[PDB]
Amino acid sequence: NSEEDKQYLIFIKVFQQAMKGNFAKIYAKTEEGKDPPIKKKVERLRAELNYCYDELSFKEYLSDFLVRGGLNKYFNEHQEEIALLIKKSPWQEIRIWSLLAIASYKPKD
Amino acid sequence: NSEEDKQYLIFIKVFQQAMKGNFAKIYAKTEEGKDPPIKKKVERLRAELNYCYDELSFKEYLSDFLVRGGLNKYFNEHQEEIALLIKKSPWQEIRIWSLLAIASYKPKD
Amino acid sequence: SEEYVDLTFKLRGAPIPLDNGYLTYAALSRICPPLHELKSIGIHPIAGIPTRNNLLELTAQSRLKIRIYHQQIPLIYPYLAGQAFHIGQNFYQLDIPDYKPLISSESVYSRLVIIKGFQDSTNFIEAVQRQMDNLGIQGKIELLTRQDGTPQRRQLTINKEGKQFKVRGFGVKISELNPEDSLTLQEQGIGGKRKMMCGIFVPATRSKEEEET
Amino acid sequence: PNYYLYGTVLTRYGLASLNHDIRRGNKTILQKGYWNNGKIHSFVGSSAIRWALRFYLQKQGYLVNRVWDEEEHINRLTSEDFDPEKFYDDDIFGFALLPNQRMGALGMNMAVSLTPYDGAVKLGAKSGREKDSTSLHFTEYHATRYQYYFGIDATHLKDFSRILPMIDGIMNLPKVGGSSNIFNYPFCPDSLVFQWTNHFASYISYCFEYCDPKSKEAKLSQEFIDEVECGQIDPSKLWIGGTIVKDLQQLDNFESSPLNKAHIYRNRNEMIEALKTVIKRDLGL
Amino acid sequence: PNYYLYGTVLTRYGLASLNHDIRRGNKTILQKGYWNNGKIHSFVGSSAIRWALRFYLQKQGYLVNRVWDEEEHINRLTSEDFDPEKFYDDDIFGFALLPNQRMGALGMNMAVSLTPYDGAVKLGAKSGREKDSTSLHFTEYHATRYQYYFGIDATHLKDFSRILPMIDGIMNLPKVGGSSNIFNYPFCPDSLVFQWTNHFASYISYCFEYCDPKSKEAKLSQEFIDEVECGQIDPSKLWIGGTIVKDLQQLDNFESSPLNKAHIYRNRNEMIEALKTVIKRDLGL
């Protein structure tokens, strides 16, 4: 119901999957008994999300984050909807959705 | 009963768990015999919650505070419901719920 | 000043002859095609501790330094960054390059300058003066001398094809340039064989370095 | 008498990669923003210039609280308590502990590139442990001259004689940034515009401007010339010098113009000596 | 007779970070809000300008109840009981005890940014290594020229002669509260529109307008010029001085326009002297 909220939820899932890919990458990077930096990574992600100055800033950032996440199956099935949602809507709203997704990824694992 | 009220209660719990995470963070940050600022932190949180000027303001703050809370299980269980509740609803009612949560985290400790 | 850059590479490998101009130029052109057609490029002499058999032992401060316009670096950086080349049967490796500015100094110096058809010292001074005027430069011309005081000639062996040609040159020291003209001199140089590892000018301390030994 | 020394100093043309930003994905983007006429210009943080001045002060004696190790890259405090009376650094730049929280005599603004930043990305390959791998990344560079603005509250200094080393440090500013300054870009000024007055009102904030990126002549803004000619900016309070004076002296009507009676010198050191004589006269040094 | 001096004043172009709201987590947010045409403009608090004027009155001698320590960063009261008759500060700015509570002769409006504010947040690192909670910090800045309007009830002044030092301070305004260590923004006016009249009706509010977003043109609003031409805002009571004078004189048919009959001076000091002469005439000083 309420198709725009469907786009919002699939954006949430896309962001969660991209950050899952990024987490897998950084887990792969570390080795031996040192605790892999993840809470620190979450703090860095939040801080970089907070740092932005409208339009191009934070949009290049979201695109780069989605790229470094890897292959996003939800993005693959929902290319057009996600792209149209990203191009439209105030960037502050997209940042708020991204922060909610930041707090929404934990049930994945 | 009245699933909207269920979502409201679980949102109260989510905010409580986020403030628990931030309390753990500040307790970790403090050092030596200095008294960890908790009353000061709670009053600061309340003052920043009262300070807000619609939509982007206080919603960015809500998302940032939830992220600062870190791992929160109550938000993990229910993704779409809380995500839609945050995106929808007038921000003032969300402020009421968050303030209540401020007054109702103290049951936990 | 900063409008021209000296590309420096930490160079390591086998010891090298002290007249290695064409050898290193040919190796670099082998591993870098675009170097063979550029115009305003030049290579600084490779420092080190020499040996008894007219060979130089590369040290930690030994490095390959290339003078280039900043608007042509992307044509050379891909083929030299981290790249390795062979001089004969010797292996040479270059690290990640670093950029060094073109600083002005009160006096300058060149290890080896050659101009076609000038072997005697006096006519060489006259020709270096002529190229000196052609660049709008002011200064006085001196020739670096051996322990005997005789002007020191240096020789470049271009081993083109089966044969090899001989070109003899002089070390030229020019002082009282004024920093703008000094920069113009270091960037232009005199001799033309800057790809041939001759015409690059350097501050005057290296002149003392070469005059001591 | 509350004396103030404001000035806009201009640097020499060259390549700049000084104060790179967050480096979005691969390019060390140069710190850029919007400026006159709405064209993107590259900036240099004023805090970098303040750090360079502090390093210069620490180099040549001048007891300073913050010592730059130059090897371990760690600032060490000579004394825990800040004492601006004894240290040049605390007296000049102030401090904040979070004691006294000195306001700081020197004020600075970020350096703005004379010409708009158009293109000029450079190829930079960083090494990798993956079987000697080299991954190519990007780095922005700009060929321009940076001008910046600064103000000195001479009366605010605990020791009035400490102003003299500051002008020398501005003239002999060390390398800005250090490691990330890919191309060694000097910040010793090549043309100065100094106003040593006794009232808070201060023009000449960004007098230098040429635009026209095809060249690097670094002319003077028509607004500053008009402000000088009108009657404001008393010429006896104006100190001008550098390569810009060479251009100014060639101008017609220069002798008749009120710009002539302003203290003007082709050589920068002549400015520095004459101005320092003026300061030592006015401050009873 | 009651006399009122109203004025819209525009500052100089530059980089400013004067006012900060709440410091979200790392940025010192420039005081911003919606303005004309519905795009976010940065703001400078009128209380900061009042503090700057009070500090000016403190510096150039004069008597002030509140003294700015400049060393303890604390405000001290010469007398616990305020007295507008003696002190310039209490007479001009008023006071609340919570006595007399006054009203305050000077009334000022908040300073808006001529240019819409989009982005431009500054970095903020520190030496290297041993990084603590204070290592990383961002800072917002705006490249614009701030402008605001003010108005003063001269008759309300306990001493009528105190109006002149206020105008002098408005000319030579000291630093306005902000990060002057890294963002030194001179708040000295470069264009003035003053009205000295005996009516409460105060036109000539924010009139300076920006010809091009992201630029520094600062032309004069069409509504203000139309108001002047239509008959209201008597030109004999109009006092224009600053850089806008050149733009006004380059306007076509300016001589035929009623604006030419207004008191215009390209030099600011000449217009200030003429205005102060007129004020002294009309107040019997």
# chains A, B, ... in the order shown; residues from 1 in each chain; ligands from 1
>>> select_by_dssp(residues="range 65-181 of chain C", states="alpha helix (DSSP H)", output="number ranges by chain")
C: 77-80, 121-134, 179-181
>>> calpha_fit_and_write(fixed="chain B", moving="chain A", output="CSV table (one decimal) with N, CA and C atoms, in the first residue's frame")
chain,number,residue,atom,x,y,z
A,1,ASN,N,-3.6,-5.1,21.6
A,1,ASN,CA,-4.8,-4.4,21.1
A,1,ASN,C,-4.4,-3.0,20.6
A,2,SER,N,-5.3,-2.5,19.7
A,2,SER,CA,-5.1,-1.2,19.1
A,2,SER,C,-3.7,-0.9,18.6
A,3,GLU,N,-3.5,-1.6,17.4
A,3,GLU,CA,-2.2,-1.7,16.8
A,3,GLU,C,-1.3,-0.4,16.8
A,4,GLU,N,-2.0,0.7,16.6
A,4,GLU,CA,-1.2,2.0,16.6
A,4,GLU,C,-0.6,2.3,18.0
A,5,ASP,N,-1.3,1.9,19.1
A,5,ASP,CA,-0.7,2.0,20.4
A,5,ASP,C,0.4,1.0,20.6
A,6,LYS,N,0.3,-0.2,19.9
A,6,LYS,CA,1.4,-1.1,19.9
A,6,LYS,C,2.7,-0.4,19.3
A,7,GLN,N,2.5,0.2,18.1
A,7,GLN,CA,3.6,1.0,17.5
A,7,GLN,C,4.1,2.0,18.5
A,8,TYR,N,3.2,2.7,19.1
A,8,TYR,CA,3.7,3.8,20.1
A,8,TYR,C,4.5,3.2,21.2
A,9,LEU,N,4.1,2.0,21.8
A,9,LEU,CA,4.9,1.4,22.8
A,9,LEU,C,6.2,0.9,22.4
A,10,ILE,N,6.2,0.3,21.2
A,10,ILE,CA,7.5,-0.2,20.7
A,10,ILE,C,8.4,0.9,20.3
A,11,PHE,N,7.9,2.1,19.9
A,11,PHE,CA,8.7,3.3,19.7
A,11,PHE,C,9.3,3.7,21.1
A,12,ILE,N,8.5,3.7,22.1
A,12,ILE,CA,8.9,4.0,23.5
A,12,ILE,C,10.1,3.1,23.8
A,13,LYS,N,10.0,1.8,23.6
A,13,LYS,CA,11.0,0.9,24.0
A,13,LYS,C,12.3,1.1,23.1
A,14,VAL,N,12.1,1.4,21.8
A,14,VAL,CA,13.3,1.7,21.0
A,14,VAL,C,14.0,2.9,21.4
A,15,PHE,N,13.3,4.0,21.8
A,15,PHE,CA,14.0,5.2,22.3
A,15,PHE,C,14.7,4.9,23.6
A,16,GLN,N,14.1,4.1,24.5
A,16,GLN,CA,14.7,3.8,25.7
A,16,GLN,C,16.0,3.0,25.5
A,17,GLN,N,15.9,2.0,24.6
A,17,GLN,CA,17.1,1.2,24.4
A,17,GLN,C,18.2,2.1,23.7
A,18,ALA,N,17.9,3.0,22.8
A,18,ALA,CA,18.9,3.8,22.2
A,18,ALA,C,19.5,4.7,23.2
A,19,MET,N,18.7,5.3,24.2
A,19,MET,CA,19.3,6.1,25.2
A,19,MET,C,20.1,5.3,26.2
A,20,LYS,N,19.8,4.0,26.4
A,20,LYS,CA,20.6,3.1,27.2
A,20,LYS,C,22.0,2.9,26.5
A,21,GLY,N,22.0,2.8,25.2
A,21,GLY,CA,23.3,2.7,24.5
A,21,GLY,C,24.1,3.9,24.6
A,22,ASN,N,23.4,5.1,24.5
A,22,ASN,CA,24.1,6.4,24.7
A,22,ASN,C,24.7,6.5,26.1
A,23,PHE,N,23.9,6.1,27.1
A,23,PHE,CA,24.4,6.2,28.5
A,23,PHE,C,25.6,5.3,28.7
A,24,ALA,N,25.5,4.1,28.1
A,24,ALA,CA,26.7,3.2,28.2
A,24,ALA,C,27.9,3.8,27.5
A,25,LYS,N,27.7,4.4,26.4
A,25,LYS,CA,28.8,5.1,25.7
A,25,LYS,C,29.5,6.2,26.6
A,26,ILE,N,28.6,7.0,27.2
A,26,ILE,CA,29.2,8.1,28.0
A,26,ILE,C,29.8,7.6,29.3
A,27,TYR,N,29.2,6.6,29.9
A,27,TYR,CA,29.9,5.9,31.1
A,27,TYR,C,31.2,5.4,30.7
A,28,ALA,N,31.3,4.8,29.5
A,28,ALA,CA,32.6,4.3,29.0
A,28,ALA,C,33.6,5.5,28.8
A,29,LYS,N,33.1,6.6,28.4
A,29,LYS,CA,34.0,7.8,28.1
A,29,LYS,C,34.7,8.2,29.4
A,30,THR,N,33.9,8.4,30.5
A,30,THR,CA,34.5,9.0,31.7
A,30,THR,C,35.4,8.0,32.4
A,31,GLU,N,36.3,8.5,33.3
A,31,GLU,CA,37.2,7.7,34.0
A,31,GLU,C,37.5,8.3,35.4
A,32,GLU,N,37.9,7.5,36.3
A,32,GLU,CA,38.3,7.9,37.6
A,32,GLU,C,37.1,8.5,38.4
A,33,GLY,N,37.3,9.0,39.6
A,33,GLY,CA,36.2,9.3,40.5
A,33,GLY,C,35.2,10.4,40.1
A,34,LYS,N,35.4,11.1,39.0
A,34,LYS,CA,34.4,12.1,38.7
A,34,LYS,C,33.0,11.5,38.4
A,35,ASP,N,32.0,12.1,38.8
A,35,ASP,CA,30.6,11.6,38.6
A,35,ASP,C,30.3,11.7,37.2
A,36,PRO,N,30.0,10.6,36.5
A,36,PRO,CA,29.6,10.7,35.0
A,36,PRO,C,28.4,11.6,34.8
A,37,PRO,N,28.5,12.5,33.9
A,37,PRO,CA,27.4,13.5,33.7
A,37,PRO,C,26.2,12.8,33.0
A,38,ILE,N,25.1,12.5,33.8
A,38,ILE,CA,23.9,11.8,33.3
A,38,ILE,C,22.7,12.7,33.5
A,39,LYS,N,22.5,13.2,34.7
A,39,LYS,CA,21.4,14.2,34.9
A,39,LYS,C,21.7,15.4,34.0
A,40,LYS,N,22.9,15.8,33.9
A,40,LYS,CA,23.3,16.9,32.9
A,40,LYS,C,23.0,16.3,31.5
A,41,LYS,N,23.3,15.1,31.2
A,41,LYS,CA,23.1,14.5,29.9
A,41,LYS,C,21.6,14.5,29.6
A,42,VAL,N,20.8,14.1,30.6
A,42,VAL,CA,19.3,14.1,30.5
A,42,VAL,C,18.8,15.5,30.2
A,43,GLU,N,19.3,16.5,30.9
A,43,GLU,CA,18.9,17.9,30.6
A,43,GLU,C,19.3,18.3,29.2
A,44,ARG,N,20.5,17.9,28.7
A,44,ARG,CA,20.9,18.2,27.4
A,44,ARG,C,20.0,17.6,26.4
A,45,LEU,N,19.7,16.3,26.6
A,45,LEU,CA,18.8,15.6,25.7
A,45,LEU,C,17.4,16.3,25.6
A,46,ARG,N,16.9,16.6,26.8
A,46,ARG,CA,15.6,17.3,26.8
A,46,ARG,C,15.7,18.7,26.0
A,47,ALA,N,16.7,19.4,26.3
A,47,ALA,CA,16.9,20.7,25.6
A,47,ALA,C,17.0,20.6,24.1
A,48,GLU,N,17.8,19.6,23.7
A,48,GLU,CA,17.9,19.4,22.2
A,48,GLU,C,16.7,18.9,21.6
A,49,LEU,N,15.9,18.1,22.4
A,49,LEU,CA,14.6,17.7,21.9
A,49,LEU,C,13.6,18.9,21.7
A,50,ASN,N,13.6,19.8,22.7
A,50,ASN,CA,12.8,20.9,22.7
A,50,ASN,C,13.1,21.8,21.5
A,51,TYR,N,14.4,22.0,21.3
A,51,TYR,CA,14.9,22.8,20.1
A,51,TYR,C,14.6,22.1,18.8
A,52,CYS,N,13.6,22.6,18.1
A,52,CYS,CA,13.4,22.1,16.7
A,52,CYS,C,12.4,23.0,16.0
A,53,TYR,N,12.4,22.9,14.7
A,53,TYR,CA,11.6,23.8,13.9
A,53,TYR,C,10.9,23.0,12.8
A,54,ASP,N,10.4,21.8,13.1
A,54,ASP,CA,9.4,21.1,12.3
A,54,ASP,C,10.2,20.3,11.2
A,55,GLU,N,9.6,19.1,10.9
A,55,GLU,CA,10.0,18.2,9.8
A,55,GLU,C,11.5,17.9,9.9
A,56,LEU,N,12.3,18.4,8.9
A,56,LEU,CA,13.7,18.0,8.9
A,56,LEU,C,14.4,18.1,10.2
A,57,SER,N,14.3,19.3,10.8
A,57,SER,CA,14.7,19.5,12.2
A,57,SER,C,13.9,18.6,13.1
A,58,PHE,N,14.6,17.9,14.0
A,58,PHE,CA,14.1,16.9,15.0
A,58,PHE,C,13.9,15.6,14.3
A,59,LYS,N,13.9,15.5,13.0
A,59,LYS,CA,13.8,14.2,12.3
A,59,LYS,C,15.3,13.7,12.1
A,60,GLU,N,16.1,14.6,11.5
A,60,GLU,CA,17.5,14.3,11.5
A,60,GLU,C,18.0,14.1,12.9
A,61,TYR,N,17.5,14.8,13.9
A,61,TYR,CA,17.9,14.6,15.3
A,61,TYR,C,17.5,13.3,15.8
A,62,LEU,N,16.3,12.8,15.6
A,62,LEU,CA,15.8,11.5,16.1
A,62,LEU,C,16.6,10.4,15.4
A,63,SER,N,16.9,10.5,14.1
A,63,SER,CA,17.7,9.5,13.4
A,63,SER,C,19.1,9.5,14.0
A,64,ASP,N,19.7,10.6,14.2
A,64,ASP,CA,21.0,10.7,14.7
A,64,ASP,C,21.1,10.1,16.1
A,65,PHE,N,20.1,10.4,16.9
A,65,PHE,CA,20.0,9.8,18.3
A,65,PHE,C,19.9,8.3,18.3
A,66,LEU,N,19.1,7.8,17.4
A,66,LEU,CA,18.9,6.4,17.2
A,66,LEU,C,20.2,5.7,16.8
A,67,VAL,N,21.0,6.4,15.9
A,67,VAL,CA,22.2,5.9,15.4
A,67,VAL,C,23.3,5.9,16.5
A,68,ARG,N,23.4,7.0,17.2
A,68,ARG,CA,24.4,7.1,18.3
A,68,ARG,C,24.0,6.2,19.5
A,69,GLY,N,22.8,5.8,19.6
A,69,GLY,CA,22.4,4.8,20.6
A,69,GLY,C,23.1,3.5,20.4
A,70,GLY,N,23.3,3.1,19.1
A,70,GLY,CA,24.0,1.8,18.8
A,70,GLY,C,23.0,0.9,18.1
A,71,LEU,N,23.2,-0.4,18.4
A,71,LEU,CA,22.3,-1.4,17.9
A,71,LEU,C,21.0,-1.6,18.8
A,72,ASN,N,19.9,-1.4,18.1
A,72,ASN,CA,18.6,-1.4,18.8
A,72,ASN,C,17.9,-2.7,18.4
A,73,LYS,N,17.8,-3.7,19.4
A,73,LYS,CA,17.2,-5.0,19.1
A,73,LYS,C,15.7,-4.8,18.7
A,74,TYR,N,15.0,-4.0,19.5
A,74,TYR,CA,13.6,-3.7,19.2
A,74,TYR,C,13.4,-3.1,17.8
A,75,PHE,N,14.3,-2.2,17.4
A,75,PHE,CA,14.3,-1.6,16.1
A,75,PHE,C,14.6,-2.7,15.1
A,76,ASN,N,15.5,-3.6,15.4
A,76,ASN,CA,15.9,-4.6,14.5
A,76,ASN,C,14.6,-5.5,14.1
A,77,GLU,N,13.9,-5.9,15.2
A,77,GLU,CA,12.7,-6.7,14.9
A,77,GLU,C,11.6,-5.9,14.3
A,78,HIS,N,11.5,-4.6,14.6
A,78,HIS,CA,10.4,-3.7,14.2
A,78,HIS,C,10.9,-2.6,13.3
A,79,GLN,N,11.6,-2.9,12.2
A,79,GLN,CA,12.1,-1.9,11.3
A,79,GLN,C,11.0,-1.2,10.6
A,80,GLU,N,10.1,-2.0,10.0
A,80,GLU,CA,9.0,-1.4,9.1
A,80,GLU,C,8.0,-0.5,9.9
A,81,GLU,N,7.6,-1.1,11.1
A,81,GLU,CA,6.6,-0.4,11.9
A,81,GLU,C,7.2,0.9,12.4
A,82,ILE,N,8.4,0.9,12.9
A,82,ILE,CA,9.0,2.1,13.5
A,82,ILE,C,9.2,3.1,12.4
A,83,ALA,N,9.7,2.7,11.2
A,83,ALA,CA,10.0,3.6,10.1
A,83,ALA,C,8.7,4.3,9.6
A,84,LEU,N,7.7,3.5,9.5
A,84,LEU,CA,6.4,4.0,9.0
A,84,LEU,C,5.8,5.0,10.0
A,85,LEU,N,5.9,4.6,11.3
A,85,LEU,CA,5.4,5.5,12.3
A,85,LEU,C,6.1,6.8,12.4
A,86,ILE,N,7.5,6.8,12.2
A,86,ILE,CA,8.3,8.0,12.2
A,86,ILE,C,7.9,8.9,11.0
A,87,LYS,N,7.8,8.2,9.8
A,87,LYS,CA,7.6,9.0,8.6
A,87,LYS,C,6.2,9.7,8.7
A,88,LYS,N,5.2,9.0,9.2
A,88,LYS,CA,3.9,9.6,9.4
A,88,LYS,C,3.8,10.3,10.8
A,89,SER,N,2.6,10.8,11.2
A,89,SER,CA,2.3,11.4,12.4
A,89,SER,C,2.9,12.8,12.6
A,90,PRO,N,2.3,13.7,13.2
A,90,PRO,CA,2.9,15.1,13.4
A,90,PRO,C,4.1,15.0,14.3
A,91,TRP,N,5.1,15.8,13.9
A,91,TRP,CA,6.4,15.7,14.6
A,91,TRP,C,6.3,16.1,16.0
A,92,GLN,N,5.4,17.0,16.3
A,92,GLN,CA,5.1,17.4,17.7
A,92,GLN,C,4.7,16.2,18.6
A,93,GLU,N,3.8,15.3,18.0
A,93,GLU,CA,3.4,14.1,18.7
A,93,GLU,C,4.6,13.2,18.9
A,94,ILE,N,5.5,13.0,17.9
A,94,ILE,CA,6.6,12.2,18.1
A,94,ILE,C,7.6,12.8,19.2
A,95,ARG,N,7.7,14.1,19.2
A,95,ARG,CA,8.5,14.7,20.3
A,95,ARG,C,7.9,14.5,21.7
A,96,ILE,N,6.5,14.5,21.8
A,96,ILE,CA,5.9,14.2,23.0
A,96,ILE,C,6.1,12.8,23.4
A,97,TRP,N,6.0,11.9,22.5
A,97,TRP,CA,6.3,10.5,22.8
A,97,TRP,C,7.8,10.3,23.2
A,98,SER,N,8.7,11.0,22.6
A,98,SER,CA,10.1,10.9,22.9
A,98,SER,C,10.3,11.5,24.3
A,99,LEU,N,9.6,12.5,24.7
A,99,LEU,CA,9.8,13.1,26.1
A,99,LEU,C,9.2,12.1,27.1
A,100,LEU,N,8.1,11.5,26.8
A,100,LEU,CA,7.6,10.4,27.7
A,100,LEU,C,8.6,9.3,27.8
A,101,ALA,N,9.2,8.9,26.7
A,101,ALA,CA,10.3,7.9,26.8
A,101,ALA,C,11.4,8.4,27.7
A,102,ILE,N,11.8,9.7,27.5
A,102,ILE,CA,12.8,10.3,28.4
A,102,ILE,C,12.5,10.0,29.8
A,103,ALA,N,11.2,10.2,30.2
A,103,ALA,CA,10.8,9.9,31.6
A,103,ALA,C,10.5,8.5,31.8
A,104,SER,N,10.6,7.6,30.8
A,104,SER,CA,10.2,6.2,30.9
A,104,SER,C,11.3,5.2,31.0
A,105,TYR,N,12.6,5.7,30.8
A,105,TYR,CA,13.7,4.8,30.8
A,105,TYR,C,14.2,4.3,32.2
A,106,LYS,N,13.9,5.0,33.2
A,106,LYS,CA,14.4,4.7,34.5
A,106,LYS,C,14.2,3.3,35.0
A,107,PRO,N,13.1,2.6,34.8
A,107,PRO,CA,13.0,1.2,35.3
A,107,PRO,C,13.9,0.3,34.6
A,108,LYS,N,14.6,0.6,33.5
A,108,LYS,CA,15.6,-0.2,32.9
A,108,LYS,C,16.7,-0.5,33.9
A,109,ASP,N,17.2,0.6,34.6
A,109,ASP,CA,18.1,0.5,35.7
A,109,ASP,C,18.1,1.7,36.6
>>> interface_residues(of="chain D", to="chain C", cutoff="10 Å", atoms="only C-alpha atoms", output="ChimeraX atom specification")
/D:12-16,120-127,132-134,136,143,181-186
>>> atom_distance(atom1="CA of residue 118 in chain E", atom2="CA of residue 19 in chain E")
15.9 Å
>>> residues_around(residues="residue 267 in chain E", least_positions_apart="6", cutoff="8 Å", atoms="only C-alpha atoms", output="number ranges by chain")
D: 227, 230-232; E: 241-242
>>> residues_around(residues="range 177-182 of chain C", least_positions_apart="3", cutoff="7 Å", atoms="only C-alpha atoms", output="mmCIF file with N, CA, C and O atoms, in the first residue's frame")
data_model
loop_
_atom_site.group_PDB
_atom_site.id
_atom_site.type_symbol
_atom_site.label_atom_id
_atom_site.label_comp_id
_atom_site.auth_asym_id
_atom_site.auth_seq_id
_atom_site.Cartn_x
_atom_site.Cartn_y
_atom_site.Cartn_z
ATOM 1 N N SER C 104 64.991 28.832 -7.373
ATOM 2 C CA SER C 104 66.025 29.719 -7.882
ATOM 3 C C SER C 104 67.184 29.797 -6.898
ATOM 4 O O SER C 104 67.005 29.687 -5.683
ATOM 5 N N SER C 105 68.383 30.000 -7.439
ATOM 6 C CA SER C 105 69.570 30.182 -6.619
ATOM 7 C C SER C 105 70.436 31.260 -7.252
ATOM 8 O O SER C 105 70.292 31.584 -8.433
ATOM 9 N N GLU C 106 71.342 31.816 -6.444
ATOM 10 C CA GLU C 106 72.148 32.946 -6.896
ATOM 11 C C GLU C 106 73.040 32.539 -8.067
ATOM 12 O O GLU C 106 73.198 33.293 -9.031
ATOM 13 N N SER C 107 73.594 31.327 -8.022
ATOM 14 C CA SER C 107 74.460 30.806 -9.071
ATOM 15 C C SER C 107 73.982 29.420 -9.491
ATOM 16 O O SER C 107 73.386 28.694 -8.688
ATOM 17 N N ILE C 137 68.716 36.343 -20.857
ATOM 18 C CA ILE C 137 69.294 35.985 -19.572
ATOM 19 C C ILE C 137 70.533 36.851 -19.382
ATOM 20 O O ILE C 137 71.190 37.219 -20.362
ATOM 21 N N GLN C 138 70.821 37.227 -18.138
ATOM 22 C CA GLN C 138 72.018 37.993 -17.807
ATOM 23 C C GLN C 138 72.850 37.221 -16.794
ATOM 24 O O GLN C 138 72.310 36.681 -15.823
ATOM 25 N N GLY C 139 74.157 37.162 -17.027
ATOM 26 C CA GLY C 139 75.059 36.471 -16.119
ATOM 27 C C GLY C 139 76.461 36.457 -16.691
ATOM 28 O O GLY C 139 76.720 36.983 -17.779
ATOM 29 N N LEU C 185 66.731 30.028 -16.723
ATOM 30 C CA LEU C 185 67.878 29.230 -17.133
ATOM 31 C C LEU C 185 67.698 27.765 -16.761
ATOM 32 O O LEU C 185 67.912 26.875 -17.593
ATOM 33 N N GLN C 186 67.336 27.491 -15.502
ATOM 34 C CA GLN C 186 67.141 26.102 -15.093
ATOM 35 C C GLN C 186 66.054 25.427 -15.910
ATOM 36 O O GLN C 186 66.129 24.219 -16.163
#
>>> closest_residue(among="E:129, E:142, E:162, E:86", to="chain A", atoms="only C-alpha atoms")
E:142
>>> interface_residues(of="chain D", to="chain E", cutoff="6 Å", atoms="only C-alpha atoms", output="NGL selection string")
:D and (36-38 or 46 or 73 or 107-109 or 200-201 or 230)
>>> write_last_selection(atoms="N, CA and C atoms", output="mmCIF file, in the first residue's frame")
data_model
loop_
_atom_site.group_PDB
_atom_site.id
_atom_site.type_symbol
_atom_site.label_atom_id
_atom_site.label_comp_id
_atom_site.auth_asym_id
_atom_site.auth_seq_id
_atom_site.Cartn_x
_atom_site.Cartn_y
_atom_site.Cartn_z
ATOM 1 N N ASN D 36 33.454 35.366 -6.042
ATOM 2 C CA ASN D 36 32.929 36.406 -6.918
ATOM 3 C C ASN D 36 32.483 35.822 -8.252
ATOM 4 N N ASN D 37 31.404 36.389 -8.791
ATOM 5 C CA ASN D 37 30.809 36.012 -10.073
ATOM 6 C C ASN D 37 30.259 34.593 -10.080
ATOM 7 N N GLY D 38 30.212 33.930 -8.930
ATOM 8 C CA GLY D 38 29.648 32.594 -8.853
ATOM 9 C C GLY D 38 30.425 31.524 -9.586
ATOM 10 N N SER D 46 42.663 28.817 6.847
ATOM 11 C CA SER D 46 43.462 29.769 7.609
ATOM 12 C C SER D 46 44.184 29.096 8.768
ATOM 13 N N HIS D 73 55.698 13.619 14.806
ATOM 14 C CA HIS D 73 54.514 14.394 14.439
ATOM 15 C C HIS D 73 53.545 14.521 15.614
ATOM 16 N N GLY D 107 44.139 37.560 13.818
ATOM 17 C CA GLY D 107 42.966 37.022 13.152
ATOM 18 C C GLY D 107 43.267 36.799 11.687
ATOM 19 N N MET D 108 42.677 35.747 11.128
ATOM 20 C CA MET D 108 43.014 35.322 9.778
ATOM 21 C C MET D 108 41.753 34.907 9.033
ATOM 22 N N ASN D 109 41.834 34.969 7.706
ATOM 23 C CA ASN D 109 40.811 34.449 6.814
ATOM 24 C C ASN D 109 41.452 33.485 5.826
ATOM 25 N N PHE D 200 38.966 50.723 14.131
ATOM 26 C CA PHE D 200 38.529 49.357 13.851
ATOM 27 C C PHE D 200 38.117 49.162 12.399
ATOM 28 N N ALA D 201 37.572 50.194 11.760
ATOM 29 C CA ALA D 201 37.117 50.064 10.380
ATOM 30 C C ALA D 201 38.273 49.655 9.479
ATOM 31 N N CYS D 230 38.793 57.934 -3.385
ATOM 32 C CA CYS D 230 37.660 58.714 -2.893
ATOM 33 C C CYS D 230 38.055 59.610 -1.727
#
>>> interface_residues(of="chain E", to="chain B", cutoff="12 Å", atoms="only C-alpha atoms", output="PyMOL selection string")
chain E and resi 21-25+32-34+132-133
>>> residues_around(residues="residue 176 in chain E", least_positions_apart="4", cutoff="8 Å", atoms="only C-alpha atoms", output="MDAnalysis selection string")
chainID E and resid 18 48:49 51:52 185 187
>>> atom_distance(atom1="CA of residue 153 in chain E", atom2="CA of residue 66 in chain E")
21.8 Å
>>> select_by_dssp(residues="range 22-225 of chain E", states="strand (DSSP E)", output="PyMOL selection string")
chain E and resi 32-34+40-44+66-68+75-77+106-108+111-113+121-122+139-140+142-144+146-153+191-197+208-209+219-220
>>> atom_distance(atom1="CA of residue 250 in chain E", atom2="CA of residue 211 in chain E")
15.1 Å
